[PDB]
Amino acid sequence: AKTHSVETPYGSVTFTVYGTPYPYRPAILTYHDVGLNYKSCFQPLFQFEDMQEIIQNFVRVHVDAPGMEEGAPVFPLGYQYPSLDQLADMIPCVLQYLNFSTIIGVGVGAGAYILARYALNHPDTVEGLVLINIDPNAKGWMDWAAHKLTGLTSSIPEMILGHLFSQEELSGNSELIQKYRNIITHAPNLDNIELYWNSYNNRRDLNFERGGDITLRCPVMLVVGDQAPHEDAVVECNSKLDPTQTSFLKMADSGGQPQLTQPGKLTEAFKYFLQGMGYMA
């Protein structure tokens, strides 16, 4: 694995490349959720045994949001962190640096929004998208009021945790939940994480309409946990996208982070997703 950084209009971004480029295939490019990094977000999936057998035949580029990279400095107080749209705009710089011309994007939560935005802006560079927990809607006033009321008695880590996991997972307090609670609550870059969180909260409508012009032009696999926080947004997202090109993997017993709890079934879905795109997997 080789870690790189590239300069962009909005600051430096770090990414780690794994594997070897397969002739005339897209790179797999990932973007992680708020509170996480590529490792805490994607390691259980990309290191799953069945996944390793698929990804041998791809090069992989795992992006860390600015400030999330290993050994990131804490951005200065009052720093103007990139919006999600600006984050999406760092990806052309990444690909140009690597000389990769096309990708299959895999994103979770804010990372899914970013990869969707990227795909709208650069549709000829995107062969497919796996969009986990995607919520393409800006908060409306009712959302802002509820969020701010919640914020009065919840810490920043508790709120990020509530974005990642269901209330029931957070109450049940499994070993995975305990580990992720410590990760976020005691992160040395929590100030950086909070800026990314604010980004996410302030994102604009990703404005899919079934029947163009604002539509995704590529195969999409939508993923969400049954009864998880983002379920309604992913369901709604499924009704806006082109049905001939879109599959919806709504998983029972996966909770808020399906790529962490059910990497085996997700892997198998990815295999069929690649096959339906026309790649042997």
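Each residue number is its position in the shown sequence, starting from 1.
For the pair 209-217 and 222-230, the record assigns the higher mean C-alpha temperature factor to 209-217. Note on 72-80 vs 113-121: mean CA B-factor is higher in 72-80. Per-chain ranking of the deposited C-alpha B factor places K240 in the highest third. Among the modelled residues of the chain, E49 sits in the highest third by CA temperature factor in this PDB entry.
In the PDB entry, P23 places in the middle third of its chain by CA B-factor. When the modelled residues of the chain are ordered by C-alpha B-factor, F273 sits in the lowest third. Per the deposited record, the Cα B-factor of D135 falls in the lowest third when ranked against the other modelled residues of its chain.
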